[PDB]
$ cat query-v7.pdb   # PDB, C-alpha atoms
ATOM      1  CA  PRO V   1     -78.056 -45.844 -76.011  1.00  0.00           C
ATOM      2  CA  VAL V   2     -74.610 -45.288 -74.453  1.00  0.00           C
ATOM      3  CA  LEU V   3     -72.836 -46.702 -77.541  1.00  0.00           C
ATOM      4  CA  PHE V   4     -74.020 -46.303 -81.136  1.00  0.00           C
ATOM      5  CA  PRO V   5     -72.974 -48.797 -83.816  1.00  0.00           C
ATOM      6  CA  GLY V   6     -69.661 -47.401 -85.035  1.00  0.00           C
ATOM      7  CA  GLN V   7     -69.115 -45.188 -82.038  1.00  0.00           C
ATOM      8  CA  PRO V   8     -65.841 -46.290 -80.442  1.00  0.00           C
ATOM      9  CA  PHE V   9     -65.910 -47.558 -76.891  1.00  0.00           C
ATOM     10  CA  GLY V  10     -65.459 -44.494 -74.629  1.00  0.00           C
ATOM     11  CA  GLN V  11     -66.309 -41.992 -77.378  1.00  0.00           C
ATOM     12  CA  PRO V  12     -68.500 -39.188 -76.036  1.00  0.00           C
ATOM     13  CA  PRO V  13     -71.651 -38.939 -78.136  1.00  0.00           C
ATOM     14  CA  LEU V  14     -71.900 -36.323 -80.894  1.00  0.00           C
ATOM     15  CA  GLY V  15     -75.268 -35.317 -79.538  1.00  0.00           C
TER
ATOM     16  CA  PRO W   1     -55.263 -48.557 -63.282  1.00  0.00           C
ATOM     17  CA  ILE W   2     -55.493 -47.777 -59.561  1.00  0.00           C
ATOM     18  CA  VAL W   3     -52.721 -49.696 -57.815  1.00  0.00           C
ATOM     19  CA  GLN W   4     -51.338 -49.903 -54.285  1.00  0.00           C
ATOM     20  CA  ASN W   5     -47.878 -48.378 -54.338  1.00  0.00           C
ATOM     21  CA  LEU W   6     -44.984 -49.198 -52.008  1.00  0.00           C
ATOM     22  CA  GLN W   7     -46.080 -46.734 -49.252  1.00  0.00           C
ATOM     23  CA  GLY W   8     -49.516 -48.528 -49.355  1.00  0.00           C
ATOM     24  CA  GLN W   9     -51.340 -45.604 -51.095  1.00  0.00           C
ATOM     25  CA  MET W  10     -53.912 -46.254 -53.875  1.00  0.00           C
ATOM     26  CA  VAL W  11     -52.497 -44.294 -56.818  1.00  0.00           C
ATOM     27  CA  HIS W  12     -53.330 -43.958 -60.528  1.00  0.00           C
ATOM     28  CA  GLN W  13     -50.880 -45.113 -63.241  1.00  0.00           C
ATOM     29  CA  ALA W  14     -51.493 -45.002 -67.019  1.00  0.00           C
ATOM     30  CA  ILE W  15     -52.243 -48.326 -68.617  1.00  0.00           C
ATOM     31  CA  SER W  16     -48.798 -49.433 -69.782  1.00  0.00           C
ATOM     32  CA  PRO W  17     -47.742 -49.993 -73.427  1.00  0.00           C
ATOM     33  CA  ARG W  18     -46.642 -53.495 -72.295  1.00  0.00           C
ATOM     34  CA  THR W  19     -50.154 -54.463 -71.056  1.00  0.00           C
ATOM     35  CA  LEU W  20     -51.724 -53.068 -74.242  1.00  0.00           C
ATOM     36  CA  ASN W  21     -49.321 -55.094 -76.426  1.00  0.00           C
ATOM     37  CA  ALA W  22     -50.134 -58.278 -74.536  1.00  0.00           C
ATOM     38  CA  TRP W  23     -53.836 -57.552 -74.989  1.00  0.00           C
ATOM     39  CA  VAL W  24     -53.215 -57.074 -78.745  1.00  0.00           C
ATOM     40  CA  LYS W  25     -51.614 -60.510 -78.946  1.00  0.00           C
ATOM     41  CA  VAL W  26     -54.292 -62.187 -76.920  1.00  0.00           C
ATOM     42  CA  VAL W  27     -56.945 -61.107 -79.393  1.00  0.00           C
ATOM     43  CA  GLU W  28     -54.830 -61.740 -82.459  1.00  0.00           C
ATOM     44  CA  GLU W  29     -53.860 -65.309 -81.486  1.00  0.00           C
ATOM     45  CA  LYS W  30     -56.786 -66.582 -79.493  1.00  0.00           C
ATOM     46  CA  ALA W  31     -59.690 -64.607 -81.117  1.00  0.00           C
ATOM     47  CA  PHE W  32     -62.546 -65.650 -78.700  1.00  0.00           C
ATOM     48  CA  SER W  33     -61.567 -68.982 -77.153  1.00  0.00           C
ATOM     49  CA  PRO W  34     -62.477 -69.531 -73.436  1.00  0.00           C
ATOM     50  CA  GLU W  35     -59.013 -68.263 -72.257  1.00  0.00           C
ATOM     51  CA  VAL W  36     -59.404 -64.753 -73.754  1.00  0.00           C
ATOM     52  CA  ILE W  37     -61.496 -63.839 -70.698  1.00  0.00           C
ATOM     53  CA  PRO W  38     -58.917 -64.908 -68.131  1.00  0.00           C
ATOM     54  CA  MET W  39     -56.240 -62.957 -70.056  1.00  0.00           C
ATOM     55  CA  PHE W  40     -58.515 -59.852 -70.254  1.00  0.00           C
ATOM     56  CA  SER W  41     -59.242 -59.965 -66.509  1.00  0.00           C
ATOM     57  CA  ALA W  42     -55.574 -60.488 -65.569  1.00  0.00           C
ATOM     58  CA  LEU W  43     -54.467 -57.583 -67.853  1.00  0.00           C
ATOM     59  CA  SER W  44     -57.105 -55.207 -66.519  1.00  0.00           C
ATOM     60  CA  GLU W  45     -56.441 -55.491 -62.749  1.00  0.00           C
ATOM     61  CA  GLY W  46     -57.478 -52.180 -61.112  1.00  0.00           C
ATOM     62  CA  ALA W  47     -58.477 -50.715 -64.533  1.00  0.00           C
ATOM     63  CA  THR W  48     -60.379 -47.441 -64.782  1.00  0.00           C
ATOM     64  CA  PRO W  49     -63.138 -47.185 -67.425  1.00  0.00           C
ATOM     65  CA  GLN W  50     -60.603 -45.125 -69.464  1.00  0.00           C
ATOM     66  CA  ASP W  51     -58.184 -48.072 -69.343  1.00  0.00           C
ATOM     67  CA  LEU W  52     -60.819 -50.554 -70.376  1.00  0.00           C
ATOM     68  CA  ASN W  53     -61.890 -48.509 -73.404  1.00  0.00           C
ATOM     69  CA  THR W  54     -58.239 -48.214 -74.516  1.00  0.00           C
ATOM     70  CA  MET W  55     -58.075 -52.034 -74.440  1.00  0.00           C
ATOM     71  CA  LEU W  56     -61.400 -52.451 -76.263  1.00  0.00           C
ATOM     72  CA  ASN W  57     -60.551 -50.084 -79.054  1.00  0.00           C
ATOM     73  CA  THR W  58     -57.447 -52.088 -79.972  1.00  0.00           C
ATOM     74  CA  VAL W  59     -59.727 -54.872 -81.149  1.00  0.00           C
ATOM     75  CA  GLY W  60     -59.675 -54.785 -84.946  1.00  0.00           C
ATOM     76  CA  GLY W  61     -61.451 -57.070 -87.386  1.00  0.00           C
ATOM     77  CA  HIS W  62     -64.151 -58.687 -85.263  1.00  0.00           C
ATOM     78  CA  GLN W  63     -66.918 -56.276 -86.078  1.00  0.00           C
ATOM     79  CA  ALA W  64     -69.993 -58.392 -85.254  1.00  0.00           C
ATOM     80  CA  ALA W  65     -68.566 -59.473 -81.858  1.00  0.00           C
ATOM     81  CA  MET W  66     -67.701 -55.918 -80.900  1.00  0.00           C
ATOM     82  CA  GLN W  67     -71.281 -54.929 -81.777  1.00  0.00           C
ATOM     83  CA  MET W  68     -72.545 -57.632 -79.440  1.00  0.00           C
ATOM     84  CA  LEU W  69     -70.288 -56.200 -76.790  1.00  0.00           C
ATOM     85  CA  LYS W  70     -71.764 -52.705 -77.292  1.00  0.00           C
ATOM     86  CA  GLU W  71     -75.310 -54.183 -77.059  1.00  0.00           C
ATOM     87  CA  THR W  72     -74.428 -55.698 -73.658  1.00  0.00           C
ATOM     88  CA  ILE W  73     -72.930 -52.434 -72.419  1.00  0.00           C
ATOM     89  CA  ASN W  74     -76.016 -50.506 -73.494  1.00  0.00           C
ATOM     90  CA  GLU W  75     -78.297 -53.050 -71.749  1.00  0.00           C
ATOM     91  CA  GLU W  76     -76.333 -53.005 -68.534  1.00  0.00           C
ATOM     92  CA  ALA W  77     -76.018 -49.201 -68.590  1.00  0.00           C
ATOM     93  CA  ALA W  78     -79.793 -48.758 -69.129  1.00  0.00           C
ATOM     94  CA  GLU W  79     -80.580 -51.103 -66.161  1.00  0.00           C
ATOM     95  CA  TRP W  80     -78.012 -49.249 -64.017  1.00  0.00           C
ATOM     96  CA  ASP W  81     -79.800 -45.930 -64.665  1.00  0.00           C
ATOM     97  CA  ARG W  82     -83.219 -47.442 -63.980  1.00  0.00           C
ATOM     98  CA  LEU W  83     -81.939 -48.820 -60.618  1.00  0.00           C
ATOM     99  CA  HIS W  84     -80.186 -45.547 -59.597  1.00  0.00           C
ATOM    100  CA  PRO W  85     -82.891 -42.938 -59.646  1.00  0.00           C
ATOM    101  CA  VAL W  86     -81.429 -39.502 -60.726  1.00  0.00           C
ATOM    102  CA  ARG W  87     -72.135 -36.345 -58.457  1.00  0.00           C
ATOM    103  CA  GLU W  88     -73.070 -40.069 -58.643  1.00  0.00           C
ATOM    104  CA  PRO W  89     -72.266 -41.930 -61.885  1.00  0.00           C
ATOM    105  CA  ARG W  90     -74.738 -42.770 -64.594  1.00  0.00           C
ATOM    106  CA  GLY W  91     -74.466 -45.772 -66.944  1.00  0.00           C
ATOM    107  CA  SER W  92     -72.573 -43.558 -69.468  1.00  0.00           C
ATOM    108  CA  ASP W  93     -70.230 -42.421 -66.710  1.00  0.00           C
ATOM    109  CA  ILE W  94     -69.451 -46.086 -65.812  1.00  0.00           C
ATOM    110  CA  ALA W  95     -68.760 -46.812 -69.490  1.00  0.00           C
ATOM    111  CA  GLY W  96     -66.488 -43.724 -69.647  1.00  0.00           C
ATOM    112  CA  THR W  97     -68.230 -41.891 -72.493  1.00  0.00           C
ATOM    113  CA  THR W  98     -69.402 -39.013 -70.281  1.00  0.00           C
ATOM    114  CA  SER W  99     -67.046 -39.032 -67.334  1.00  0.00           C
ATOM    115  CA  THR W 100     -63.522 -37.669 -66.891  1.00  0.00           C
ATOM    116  CA  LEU W 101     -60.577 -39.683 -65.639  1.00  0.00           C
ATOM    117  CA  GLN W 102     -60.535 -37.578 -62.525  1.00  0.00           C
ATOM    118  CA  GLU W 103     -64.248 -38.373 -61.931  1.00  0.00           C
ATOM    119  CA  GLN W 104     -63.503 -42.055 -62.403  1.00  0.00           C
ATOM    120  CA  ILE W 105     -60.591 -41.924 -59.946  1.00  0.00           C
ATOM    121  CA  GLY W 106     -62.841 -39.892 -57.590  1.00  0.00           C
ATOM    122  CA  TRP W 107     -65.513 -42.671 -57.575  1.00  0.00           C
ATOM    123  CA  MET W 108     -62.989 -45.485 -57.442  1.00  0.00           C
ATOM    124  CA  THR W 109     -61.261 -43.979 -54.368  1.00  0.00           C
ATOM    125  CA  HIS W 110     -64.536 -42.770 -52.787  1.00  0.00           C
ATOM    126  CA  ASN W 111     -65.211 -43.744 -49.153  1.00  0.00           C
ATOM    127  CA  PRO W 112     -66.666 -46.386 -49.600  1.00  0.00           C
ATOM    128  CA  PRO W 113     -65.715 -46.932 -53.255  1.00  0.00           C
ATOM    129  CA  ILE W 114     -68.085 -46.557 -56.115  1.00  0.00           C
ATOM    130  CA  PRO W 115     -66.081 -49.056 -58.086  1.00  0.00           C
ATOM    131  CA  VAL W 116     -66.819 -47.922 -61.689  1.00  0.00           C
ATOM    132  CA  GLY W 117     -63.857 -49.813 -63.173  1.00  0.00           C
ATOM    133  CA  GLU W 118     -65.133 -53.081 -61.607  1.00  0.00           C
ATOM    134  CA  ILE W 119     -68.717 -52.387 -62.644  1.00  0.00           C
ATOM    135  CA  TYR W 120     -67.810 -51.647 -66.263  1.00  0.00           C
ATOM    136  CA  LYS W 121     -65.522 -54.644 -66.208  1.00  0.00           C
ATOM    137  CA  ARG W 122     -68.469 -56.821 -65.123  1.00  0.00           C
ATOM    138  CA  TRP W 123     -70.497 -55.543 -68.121  1.00  0.00           C
ATOM    139  CA  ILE W 124     -67.628 -56.265 -70.504  1.00  0.00           C
ATOM    140  CA  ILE W 125     -67.051 -59.756 -69.161  1.00  0.00           C
ATOM    141  CA  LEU W 126     -70.758 -60.486 -69.483  1.00  0.00           C
ATOM    142  CA  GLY W 127     -70.437 -59.350 -73.140  1.00  0.00           C
ATOM    143  CA  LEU W 128     -67.349 -61.455 -73.772  1.00  0.00           C
ATOM    144  CA  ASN W 129     -68.955 -64.567 -72.278  1.00  0.00           C
ATOM    145  CA  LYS W 130     -71.791 -64.181 -74.826  1.00  0.00           C
ATOM    146  CA  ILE W 131     -69.240 -63.769 -77.637  1.00  0.00           C
ATOM    147  CA  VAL W 132     -67.132 -66.760 -76.494  1.00  0.00           C
ATOM    148  CA  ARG W 133     -70.356 -68.856 -76.301  1.00  0.00           C
ATOM    149  CA  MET W 134     -71.172 -67.881 -79.897  1.00  0.00           C
ATOM    150  CA  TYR W 135     -67.677 -69.062 -81.063  1.00  0.00           C
ATOM    151  CA  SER W 136     -67.952 -72.362 -79.164  1.00  0.00           C
TER
END
$ encode --input "query-v7.pdb" --output "structure tokens"
Amino acid sequence: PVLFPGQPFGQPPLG
Amino acid sequence: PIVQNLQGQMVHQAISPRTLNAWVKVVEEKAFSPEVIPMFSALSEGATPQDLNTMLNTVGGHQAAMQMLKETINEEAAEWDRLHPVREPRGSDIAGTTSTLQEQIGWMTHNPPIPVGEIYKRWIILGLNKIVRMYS
């Protein structure tokens, strides 16, 4: 997904 | 946001601390009553995806709701990608996780616009309508 649970809105993904 | 200035040029301004403080109060007082959506829309006139994520991240203490909002964004972003065969923005670019502010401004002021702020805003409002419904 674009947003993981407990990834802030706008946060680029760690992978 | 992207605003029309006095000369009539479309220019970028940072989302203002005023706006952000108003948005903080909206959420605090009203939680998710019907009128939260009109406030959100009014406060996010011309918003870039960067702006919108700044507003969203101020939301504290509503963890289930904000998860529902993420679900909607992911759904809308996935359908966007599927309907825009594979620079043009992807779903993650519209949501601001993978695009720069200058990219966002570049799309928003493209001729004709690729209005990523308005698109992302549509996704968010869809999400908020589902949350508001749930609190009804």
$ atom_distance --input "query-v7.pdb" --atom1 "CA of residue 70 in chain W" --atom2 "CA of residue 13 in chain W"
26.3 Å
$ closest_atom_pairs --input "query-v7.pdb" --of "chain W" --to "chain V" --cutoff "6 Å" --atoms "only C-alpha atoms" --output "CSV"
residue,atom,partner,partner_atom,distance
W:53,CA,V:9,CA,5.4
W:74,CA,V:2,CA,5.5
W:92,CA,V:2,CA,5.7
W:96,CA,V:10,CA,5.1
W:97,CA,V:10,CA,4.4
W:98,CA,V:12,CA,5.8
$ write_last_selection --input "query-v7.pdb" --atoms "C-alpha atoms" --output "mmCIF file, keeping the file's coordinate frame"
data_model
loop_
_atom_site.group_PDB
_atom_site.id
_atom_site.type_symbol
_atom_site.label_atom_id
_atom_site.label_comp_id
_atom_site.auth_asym_id
_atom_site.auth_seq_id
_atom_site.Cartn_x
_atom_site.Cartn_y
_atom_site.Cartn_z
ATOM 1 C CA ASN W 53 -61.890 -48.509 -73.404
ATOM 2 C CA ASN W 74 -76.016 -50.506 -73.494
ATOM 3 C CA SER W 92 -72.573 -43.558 -69.468
ATOM 4 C CA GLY W 96 -66.488 -43.724 -69.647
ATOM 5 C CA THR W 97 -68.230 -41.891 -72.493
ATOM 6 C CA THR W 98 -69.402 -39.013 -70.281
#
$ atom_distance --input "query-v7.pdb" --atom1 "CA of residue 4 in chain W" --atom2 "CA of residue 125 in chain W"
23.8 Å
$ closest_residue --input "query-v7.pdb" --among "W:88, W:130, W:101, W:32" --to "residue 113 in chain W" --atoms "only C-alpha atoms"
W:88
$ atom_distance --input "query-v7.pdb" --atom1 "CA of residue 115 in chain W" --atom2 "CA of residue 17 in chain W"
23.9 Å
$ residues_near_point --input "query-v7.pdb" --point "(-50.9, -53.6, -76.9)" --cutoff "12 Å" --atoms "all atoms listed in the file" --output "MDAnalysis selection string"
chainID W and resid 15:28 40 43 51 54:60
$ residues_around --input "query-v7.pdb" --residues "residue 127 in chain W" --least-positions-apart "4" --cutoff "9 Å" --atoms "all atoms listed in the file" --output "MDAnalysis selection string"
chainID W and resid 65:66 68:73 122:123 131:132
$ residues_near_point --input "query-v7.pdb" --point "(-65.7, -53.2, -65.3)" --cutoff "9 Å" --atoms "all atoms listed in the file" --output "VMD selection string"
chain W and resid 44 47 to 49 52 94 to 95 115 to 125
$ write_last_selection --input "query-v7.pdb" --atoms "C-alpha atoms" --output "CSV table (one decimal), keeping the file's coordinate frame"
chain,number,residue,atom,x,y,z
W,44,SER,CA,-57.1,-55.2,-66.5
W,47,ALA,CA,-58.5,-50.7,-64.5
W,48,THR,CA,-60.4,-47.4,-64.8
W,49,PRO,CA,-63.1,-47.2,-67.4
W,52,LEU,CA,-60.8,-50.6,-70.4
W,94,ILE,CA,-69.5,-46.1,-65.8
W,95,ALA,CA,-68.8,-46.8,-69.5
W,115,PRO,CA,-66.1,-49.1,-58.1
W,116,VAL,CA,-66.8,-47.9,-61.7
W,117,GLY,CA,-63.9,-49.8,-63.2
W,118,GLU,CA,-65.1,-53.1,-61.6
W,119,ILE,CA,-68.7,-52.4,-62.6
W,120,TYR,CA,-67.8,-51.6,-66.3
W,121,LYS,CA,-65.5,-54.6,-66.2
W,122,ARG,CA,-68.5,-56.8,-65.1
W,123,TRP,CA,-70.5,-55.5,-68.1
W,124,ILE,CA,-67.6,-56.3,-70.5
W,125,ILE,CA,-67.1,-59.8,-69.2
$ closest_residue --input "query-v7.pdb" --among "W:8, W:89, W:34, W:1" --to "residue 129 in chain W" --atoms "all atoms listed in the file"
W:34
$ decode --input "query-v7.pdb" --residues "range 5-29 of chain W" --atoms "N, CA, C and O atoms" --output "short mmCIF file (atom, residue, chain, number, x, y, z; two decimals), in the first residue's frame"
data_model
loop_
_atom_site.label_atom_id
_atom_site.label_comp_id
_atom_site.auth_asym_id
_atom_site.auth_seq_id
_atom_site.Cartn_x
_atom_site.Cartn_y
_atom_site.Cartn_z
N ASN W 5 -1.90 35.59 -6.56
CA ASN W 5 -1.42 36.75 -5.87
C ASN W 5 -2.07 38.00 -6.47
O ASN W 5 -2.99 37.90 -7.27
N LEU W 6 -1.61 39.16 -6.05
CA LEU W 6 -2.16 40.42 -6.52
C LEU W 6 -1.92 40.68 -8.03
O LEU W 6 -2.84 41.11 -8.74
N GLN W 7 -0.72 40.39 -8.53
CA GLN W 7 -0.45 40.49 -9.98
C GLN W 7 -1.32 39.52 -10.80
O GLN W 7 -1.39 39.64 -12.03
N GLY W 8 -1.99 38.55 -10.17
CA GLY W 8 -2.74 37.50 -10.89
C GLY W 8 -1.91 36.22 -11.20
O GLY W 8 -2.36 35.33 -11.95
N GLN W 9 -0.71 36.11 -10.62
CA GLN W 9 0.11 34.89 -10.81
C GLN W 9 -0.26 33.82 -9.79
O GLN W 9 -0.61 34.14 -8.65
N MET W 10 -0.22 32.54 -10.20
CA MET W 10 -0.44 31.41 -9.29
C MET W 10 0.91 31.15 -8.63
O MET W 10 1.86 30.77 -9.31
N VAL W 11 0.98 31.37 -7.32
CA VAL W 11 2.23 31.24 -6.58
C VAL W 11 2.04 30.32 -5.37
O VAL W 11 0.96 30.18 -4.83
N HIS W 12 3.12 29.72 -4.93
CA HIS W 12 3.09 28.83 -3.74
C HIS W 12 3.38 29.65 -2.49
O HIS W 12 4.26 30.51 -2.50
N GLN W 13 2.61 29.39 -1.43
CA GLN W 13 2.87 29.90 -0.07
C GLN W 13 2.82 28.73 0.90
O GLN W 13 1.97 27.87 0.77
N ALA W 14 3.67 28.71 1.91
CA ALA W 14 3.56 27.67 2.97
C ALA W 14 2.20 27.71 3.63
O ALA W 14 1.58 28.79 3.75
N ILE W 15 1.71 26.54 4.05
CA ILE W 15 0.50 26.52 4.84
C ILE W 15 0.83 27.33 6.10
O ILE W 15 1.93 27.23 6.67
N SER W 16 -0.09 28.19 6.48
CA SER W 16 0.20 29.16 7.56
C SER W 16 -0.06 28.57 8.95
O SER W 16 -1.00 27.77 9.13
N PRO W 17 0.74 29.00 9.97
CA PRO W 17 0.49 28.53 11.33
C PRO W 17 -0.94 28.84 11.80
O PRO W 17 -1.49 28.05 12.57
N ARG W 18 -1.53 29.94 11.33
CA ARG W 18 -2.93 30.26 11.62
C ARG W 18 -3.91 29.13 11.21
O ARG W 18 -4.66 28.55 12.05
N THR W 19 -3.93 28.86 9.91
CA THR W 19 -4.67 27.74 9.29
C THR W 19 -4.52 26.44 10.10
O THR W 19 -5.53 25.78 10.41
N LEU W 20 -3.28 26.09 10.44
CA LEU W 20 -3.00 24.83 11.11
C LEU W 20 -3.60 24.84 12.51
O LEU W 20 -4.05 23.81 12.98
N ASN W 21 -3.62 26.01 13.16
CA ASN W 21 -4.17 26.15 14.50
C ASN W 21 -5.67 26.02 14.52
O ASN W 21 -6.23 25.45 15.46
N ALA W 22 -6.30 26.60 13.49
CA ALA W 22 -7.73 26.48 13.25
C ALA W 22 -8.08 25.02 13.02
O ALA W 22 -9.07 24.55 13.55
N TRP W 23 -7.29 24.33 12.21
CA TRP W 23 -7.55 22.92 11.94
C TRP W 23 -7.43 22.08 13.23
O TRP W 23 -8.21 21.17 13.46
N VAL W 24 -6.47 22.44 14.08
CA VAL W 24 -6.31 21.78 15.38
C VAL W 24 -7.55 21.94 16.25
O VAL W 24 -8.01 20.97 16.86
N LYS W 25 -8.16 23.12 16.24
CA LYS W 25 -9.34 23.36 17.03
C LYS W 25 -10.54 22.65 16.50
O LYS W 25 -11.35 22.14 17.28
N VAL W 26 -10.68 22.66 15.16
CA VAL W 26 -11.77 21.97 14.53
C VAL W 26 -11.86 20.53 15.07
O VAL W 26 -12.92 20.07 15.48
N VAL W 27 -10.72 19.85 15.06
CA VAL W 27 -10.72 18.43 15.35
C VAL W 27 -11.00 18.24 16.82
O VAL W 27 -11.86 17.44 17.21
N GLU W 28 -10.24 18.98 17.62
CA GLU W 28 -10.43 19.01 19.07
C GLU W 28 -11.89 19.22 19.51
O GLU W 28 -12.44 18.42 20.28
N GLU W 29 -12.55 20.25 19.01
CA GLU W 29 -13.90 20.55 19.45
C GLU W 29 -14.96 19.65 18.87
O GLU W 29 -15.85 19.18 19.58
#
